[PDB]
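Report on one structure; see the data block that follows.
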Amino acid sequence: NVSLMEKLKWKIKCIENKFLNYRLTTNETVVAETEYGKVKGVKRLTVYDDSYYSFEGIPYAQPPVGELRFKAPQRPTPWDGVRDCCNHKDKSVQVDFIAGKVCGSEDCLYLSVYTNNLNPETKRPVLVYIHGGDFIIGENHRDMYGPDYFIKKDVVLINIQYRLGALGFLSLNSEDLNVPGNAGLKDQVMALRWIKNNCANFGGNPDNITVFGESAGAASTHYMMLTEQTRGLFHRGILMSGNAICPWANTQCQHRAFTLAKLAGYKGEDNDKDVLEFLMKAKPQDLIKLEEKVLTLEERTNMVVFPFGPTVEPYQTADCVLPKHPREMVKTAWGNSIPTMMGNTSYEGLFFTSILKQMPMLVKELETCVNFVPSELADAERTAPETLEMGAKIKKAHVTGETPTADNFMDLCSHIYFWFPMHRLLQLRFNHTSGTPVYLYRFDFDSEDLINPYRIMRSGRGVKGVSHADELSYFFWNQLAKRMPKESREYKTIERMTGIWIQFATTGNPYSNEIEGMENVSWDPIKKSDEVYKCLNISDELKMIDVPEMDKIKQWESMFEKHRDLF
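Written out as structure tokens, the structure is:
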């Protein structure tokens, strides 16, 4: 929940940003070709007086409306003439993260393309960003994801949208209905196919595509690395604070359509056909507004995070993305064999600051920690002595003083949601790769002089520490950003972060002696034989270090000593 004070501050920023964006618009437009027809973009400036060509609102699928609601995306219809791509389209239907009202449109299957030069001297690395937001919020609007920092360099940057919430992730068991789930991930697949087939029209190299994303966008990038649907479509992946085997990254939601339908007024019985017929006629704002009530008492008890999201699909279809649990998909995944970079911030769990302020009794979960034991290890009642013993191990790892604290809780959150699933993924993947390198980073640069709207969500004004999503301020311009002095630590961090990402996108190796402060860095990928992970720690300096989280990671791993087949 955001304070009325911040809500007014945000409204002011929205208006000032609109007029800034007018002043950053030039009168120069340009036409580019696509496989479906011509698109008109516009040349824009940044506050640093770089410039780029901007194409927003390029459709990669038919609008998923009418009969196409809840279905896999369908290829767009070609057009004659020139499609205006000089303004953004709407975002997927969602609850606005500040206003608390439903916004967006079902007509949301668009991507945006940015480059400083449409006819470059050499074909360019293509970087594709998949936004996070727990599969329920997010957008490719430049008030949050401005390309202004990346286009300083000679890359093509593409920001996609995909369907969110129940409209993107409804799943029904009945094969006749053709709603198996994961429509939003199938949207990402269709966008990646568009990019492969069209990036050359914007100066991009279709043989050198990098997909990256943060939070649910990292889980998404990983899903795109796992599924056969995308085999060979891109060439590097970057997983920023998340992956597809994170506990929050998938769910079995096939029974929840009936519950959502009932909340929306459905009077019938629980059969998929009648439930789907009702949901097809519902207003989309109503469905998205009610999503927050869908989890049952039993599901909340079992700590299910979100009602709708990526799911293991119940039957096979032509467009099936997840035919098995992602842990199993790792065993055969094409993306295990492309260069990969993974990392997290240095205090991920600081994201839950405001939740702990609202429910301080949450700290009592640290008394035994049994509710943090991985579900595959815990008895159903979480009362078995062995479950209590694993809880005690988690408690030892994170409770540093006599009484558990909110900081202890947030430290635990960093591990359960980010560091431990990283570790489990690295170790699983080593069994199913042929030497392709994986590099680790740790983002450890703290500033409140350059922020992004996630800080308002966690009520993070004045809070020290590098929270989940704090690094996005150094990758993307946003409407809370300001021009920073060239000599400032924030400016240098923009240069370093975009620089490392572009270097990795280009070569599959994130090191470059051209990046300031990187000269003396020896950044080796993680080897199967490594017992302690090494990472590039990004603070005011760039330093290789043993991952500070390693000891706690090993303590979590120790829970599986007598259950190694589940690790």
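Going from the sequence shown to the entry's author numbering is simple: count from 1 and add 3.
For every residue, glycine included, the Cβ atom is placed at its ideal position computed from N, Cα and C.
Enumerate in chain order the residues of its own chain whose CB-to-CB distance from residue i is below 8 Å, with the five nearest sequence positions on each side excluded.
i      : result
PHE375 : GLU368, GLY394, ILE397, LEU415, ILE419
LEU293 : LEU263, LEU266, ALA267
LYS399 : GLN558
In the DSSP output, what is residue i paired with across the bridge?
i         : result
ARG239    : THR213
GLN97     : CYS106
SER476    : Note: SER476 sits in no beta bridge, so no partner.
residue 3 : This structure does not reach residue 3, given that the chain is present from 4 up to 570, and the question cannot be answered.
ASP549    : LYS537
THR118    : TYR56, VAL159
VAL441    : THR343
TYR113    : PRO62
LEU48     : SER54
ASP87     : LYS43
Enumerate in chain order the residues of its own chain whose CB-to-CB distance from residue i is below 6 Å, with the five nearest sequence positions on each side excluded.
i      : result
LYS92  : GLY60, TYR113
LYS531 : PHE433
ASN211 : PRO128, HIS238
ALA252 : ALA222
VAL550 : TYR536, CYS538
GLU9   : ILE459
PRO440 : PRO342, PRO528
In chain order, what residues of the same chain lie with their CB nearer than 7 Å to the CB of residue i, ignoring the 5 residues before and after it?
i      : result
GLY149 : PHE479, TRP480, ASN481
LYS296 : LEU266
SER54  : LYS46, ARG47, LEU48, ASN119
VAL402 : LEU369, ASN411
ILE454 : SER476, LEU483
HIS426 : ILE556, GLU560
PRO209 : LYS199, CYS202, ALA203
Going by C-alpha to C-alpha distance, which of the options sits closest to residue i?
i         : options                        : result
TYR39     : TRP197, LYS296, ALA400, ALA387 : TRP197
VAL33     : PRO407, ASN24, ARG47           : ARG47
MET500    : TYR457, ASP473, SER525         : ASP473
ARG567    : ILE548, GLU379, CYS202         : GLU379
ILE291    : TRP504, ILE18, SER491, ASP99   : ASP99
residue 2 : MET283, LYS284, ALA285, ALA260 : Summary: the structure shown does not reach residue 2, with the chain confined to residues 4 through 570, and so no result is reported for it.
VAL158    : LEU170, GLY171, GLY206         : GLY206
residue 1 : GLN65, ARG166, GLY235          : Given that the chain is displayed from residue 4 to residue 570, the structure contains no residue 1 and the question cannot be resolved.
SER177    : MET562, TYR477, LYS276, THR29  : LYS276
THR230    : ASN185, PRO209, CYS256         : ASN185
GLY438    : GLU451, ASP527, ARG445         : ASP527
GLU560    : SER525, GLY502, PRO424         : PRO424
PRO513    : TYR444, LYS14, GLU493          : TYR444
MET193    : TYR477, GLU316, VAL333, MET227 : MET227
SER174    : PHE73, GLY216, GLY271, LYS104  : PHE73
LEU170    : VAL68, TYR152, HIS258          : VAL68
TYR350    : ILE139, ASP83, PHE446, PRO456  : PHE446
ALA508    : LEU282, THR233, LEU188, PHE153 : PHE153
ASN162    : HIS144, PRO377, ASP179         : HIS144
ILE503    : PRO377, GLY346, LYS467, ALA409 : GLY346
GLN232    : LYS284, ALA75, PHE448, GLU392  : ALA75
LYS156    : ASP554, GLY271, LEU569, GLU498 : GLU498
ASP110    : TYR442, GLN77, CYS17, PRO388   : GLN77
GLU564    : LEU71, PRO66, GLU392           : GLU392
Residue i: buried (16+ other C-beta within 10 angstroms of its C-beta) or exposed?
i         : result
residue 3 : Residue numbering for the chain in the displayed model covers 4 to 570; residue 3 lies beyond these limits and cannot be assessed.
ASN4      : exposed
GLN361    : exposed
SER525    : exposed
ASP533    : exposed
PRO363    : exposed
Report yes if the C-beta of residue i is less than 7 Å from at least one heavy atom of the ligand FMN; otherwise report no.
i      : result
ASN540 : With respect to small molecules bound, the structure shown includes none, and the ligand FMN cannot be examined in it.
Taking three-plus beta-carbon pairs below 8 Å as touching, is the stretch 56–67 in contact with the stretch 79–89? yes
May I ask you to verify whether the stretch 236–248 touches the stretch 326–335, counting CB pairs closer than 8 Å and requiring at least 3? yes
Given 8 Å, three or more beta-carbon pairs between the stretch 430–437 and the stretch 122–135: no
Any contact of the stretch 127–142 with the stretch 215–223, i.e. 3+ C-beta pairs under 8 Å? yes
Does the pairing of the stretch 543–555 with the stretch 515–524 give three or more beta-carbon distances under 8 Å? yes
Kindly confirm or deny that the stretch 351–366 and the stretch 443–462 touch, where touching means at least three C-beta pairs closer than 8 Å. yes
Does the count of Cβ pairs from the stretch 310–323 and the stretch 333–340 closer than 8 Å reach three? no
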